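Protein chains in written order, with the deposited numbering: chain S, 1093 to 1142; chain L, 1043, 1045 to 1142; chain F, 895 to 915, 924 to 943; chain Z, 18 to 86, 88 to 377, 382 to 397; chain V, 795 to 844; chain G, 597 to 690, 692 to 698, 710 to 743; chain U, 597 to 645.
Even for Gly, the Cβ is constructed at its ideal location relative to N, Cα and C.
Next comes the structure, spelled out in structure tokens:
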């Protein structure tokens, strides 16, 4: 349940919203993220800059 | 609730003093075992409560203080104001959400 | 605080409030401690 | 059996005078756990500098205990009657044994009891006991007769030997004598002008003054212990288990510190339950009377102390966990030091009163009818 | 947000032994456990106050 | 002999317990000498020939002590107990105690404590709900 | 059986076990001749006169 709360925040912080943050987003500057389901949870594909 | 658990195995009325020590030893062992269990559970609940206390502090300084201006669920829809009141051993939050 | 059902422990009266008739004083082991702060504060 | 010298030749006893009021005095020196007074170290094994909690036979803190006390009555040139309190009538139980404080009034100016206006400097004395398992009464009727073999412990030699022995007591039929007449209380004496002479301390005075009153038969064992003369506070203690009857002293190991260590186990296998003290007095002349420190008796019972051991391993501090709520806090945490705060302690429960209980040979046939004949 | 849990301290040797001397002796055989229980509860309450 | 002792000690036909008997109302068939309440412990009405003695168990006074190591000063506190429900060295009660040792009635009776006048920083050992008991 | 071996097993009056010995400077009451430490086990002393 705690990590599910983290999942809700992750989708709002990285996927639905943009970056402009240095902690809850993909390595380097964060450009976009995608989600797909996975066994027992979600799966995150943060896309960054380098 | 002891092999015989009659509120005191041989409270002062049953077989002999020598047997009394054995039954009371059995009853003591577990009375102490479930007291240790109680303590362990209290520790677990206290640590969870401390993590959530930190969460409530973050909530007071984030949603309540400045406008959240945050994508975070806080408020369901755009967040505008949020008020706090005391609740039984807890903090109750009343976010205002634009729809 | 009303619509919640808190049996209540009892401070400054709880022992006599229970003697006139929760078991914080009858089992004589578990004692609820007061919560560090007044409702007013 | 081993003989401890034959009987006496006297057929009459020295007159004994009872002055309980004179003996009674205000001298309150209770056992203190802080200074580790009346504390017995575990004799089988030793412990290090670590401070721990050790479960054993102790006297409980602040116990004022049981007190006893004076030179005999006399004339300027001749010693006469002896002043002794009526200790014979009172007999106390021996559930776990007792510890004795000895001569803490040393080196100070005191009050000569027999002449309450007169002062002298206090010098310590060594107490005697009788320990047995059966008690009765003398032929005069006074309570306190020791019947079964009795562990009668006796100092002597003006304080240079301790006599211990477990004999049958058969009293003597003279005047002032216990199975005799004019009896008030058994006692002892030594004659300082003849036996406390410097370099010539005689070693049969108190034995003589004990066999004046009783005749000992069938005695099983007896050991002697040289006693060095000083003015230093010391303790004694007697306990009993299945292993036998044990004795304890402060004289050998922590003489200047006051702890207590076993020195002799006597081979008694009778559960001692009763004991009485032996009253004693000094046969000095009126010009040469001195003061003689009151020795005190403190019971023992199973308890838990938190004991401090110094680096040398002597106990200089303790806690009686049973006395005061703070001591229970000191007993917990395995340390004297406890942090400032609010600590819940054991609650006080209600006391039972008037235990309640909930729960007709008809004479009607006798009441009705007409009586039949004797046949 | 839940925030805090109820603070309770349990008396030791009064819960386990109804108040009989025989039972108290058998317990002082074990008497370290009561001390640890009390220590733990006191520590938890102090931390809750903090 | 009378069932309504209203004192701690009591012994019933089949069970012996510490009670506080009182005249009460409307509970039980009366067929059974003792009436249970969903537990082995029994509310025990009906032992008297005809009376509602709804009983309780014994009542123990919670006690707590403040070491205050800095000043080495102790003041014992009684939990939610009344200012007058105890007496110094009470003979009514009987604990790991061979010896022990009305100003505060806001939380519980504090015997060896005093009373303050205004506000002292809530530091140090402190107390519960509101008192802060400075040394 | 004497002080020839310092490093391994020993066996005293009523107390036996394995140890390593040294002539440490001085700790204990020295009259009863075992020194424990807050536990069951012993710091040592008197495996000699």
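Residue 641 of chain G is positioned such that its CB atom lies no closer than 8 Å to that of residue 654 of chain G. Membership of residue 148 of chain Z in any alpha helix (DSSP H) is not indicated; the residue belongs instead to the beta strand (DSSP E) covering 146 to 150. Residue 223 of chain Z and residue 832 of chain V have their C-alpha atoms some 60 Å from each other. Straight-line spacing of the CA atoms in residue 1105 of chain L and residue 1136 of chain S works out to 26 Å. In this structure the stretch 114 to 127 of chain Z touches the stretch 298 to 312 of chain Z; the number of beta carbon pairs closer than 8 Å is three or more. When DSSP reads this structure, residue 1068 of chain L sits in no beta bridge, so it has no partner. Within the same chain, and ignoring the five residues on either side of residue 1119 of chain L in sequence, the residues whose Cβ sits closer than 8 Å to its Cβ are 1138, 1140, 1142.
Pairwise C-beta distances place the stretch 354 to 361 of chain Z in contact with the stretch 654 to 673 of chain G, as three or more of them are shorter than 8 Å. One finds nothing in chain V with a Cβ atom closer than 8 Å to the Cβ of residue 1049 of chain L; even the nearest lies about 11 Å away. In the displayed model, residue 210 of chain Z falls within a helix according to three-state DSSP. For residue 362 of chain Z, the nearest CB of chain G lies under 8 Å from its own CB, placing it at the interface with that chain. Here the C-alpha atom of residue 931 of chain F lies approximately 15 Å from the C-alpha atom of residue 814 of chain V.
Here the alpha carbon of residue 1099 of chain L sits roughly 25 Å from the alpha carbon of residue 735 of chain G. Taking every protein chain shown into account, the CB of residue 169 of chain Z has 16 or more other CB atoms within 10 angstroms, so this residue is buried.
For residue 819 of chain V, no CB of chain G lies under 8 Å from its own CB, so it is not counted at the interface with that chain. A check of alpha carbon separations from residue 219 of chain Z across Z:175, Z:85, Z:236 identifies Z:175 as the nearest.
In the displayed model, residue 619 of chain G falls within a strand according to three-state DSSP. Between the stretch 178 to 195 of chain Z and the stretch 136 to 143 of chain Z, the count of C-beta pairs closer than 8 Å stays below three; the two stretches do not touch. Assignment of residue 47 of chain Z by DSSP, reduced to helix, strand and coil, places it in the coil class. The DSSP-derived three-state label of residue 358 of chain Z is coil. Within 10 angstroms of the beta-carbon of residue 1113 of chain S lie fewer than 16 other beta-carbons, which makes it exposed. In the DSSP assignment, residue 831 of chain V falls outside any beta strand (DSSP E) and lies within the alpha helix (DSSP H) extending over 826 to 843. Cβ atoms of residue 147 of chain Z and residue 154 of chain Z stay farther apart than 8 Å, at about 18 Å. Residue environment for residue 840 of chain V: exposed (fewer than 16 other C-beta atoms within 10 angstroms of its C-beta).
When secondary structure is reduced to three states using DSSP, residue 733 of chain G falls in the coil class, being assigned neither helix nor strand. Scanning chain S for C-beta atoms nearer than 8 Å to the C-beta of residue 1114 of chain L yields 1104, 1105, 1108, 1109, reported in chain order. The Cβ atoms of residue 656 of chain G and residue 365 of chain Z sit closer than 8 Å to each other. When 9 Å is used as the limit between beta carbons, residue 678 of chain G is near these residues of chain F: 906, 907, 909, 910, in chain order. Shown here, residue 110 of chain Z sits in a strand according to DSSP, grouped into three states. The beta carbon of residue 291 of chain Z is closer than 7 Å to those of 111, 112, 151 in its chain, skipping five residues each way along the sequence.
Closer than 8 Å to the CB of residue 1082 of chain L there is at least one CB belonging to chain V.
In this model, residue 599 of chain G and residue 372 of chain Z are separated by some 10 Å (Cα to Cα).
Within chain Z, the residues whose beta carbon sits less than 7 Å from that of residue 627 of chain U are 271, 279, listed in sequence order. Scanning its chain for C-beta atoms nearer than 6 Å, with the 5 sequence neighbours on each side dropped, one finds around residue 319 of chain Z the residues 114, in chain order. CA-CA distance, residue 104 of chain Z to residue 25 of chain Z, rounds to 24 Å. According to the DSSP assignment, residue 243 of chain Z belongs to the beta strand (DSSP E) that extends over 240 to 244.
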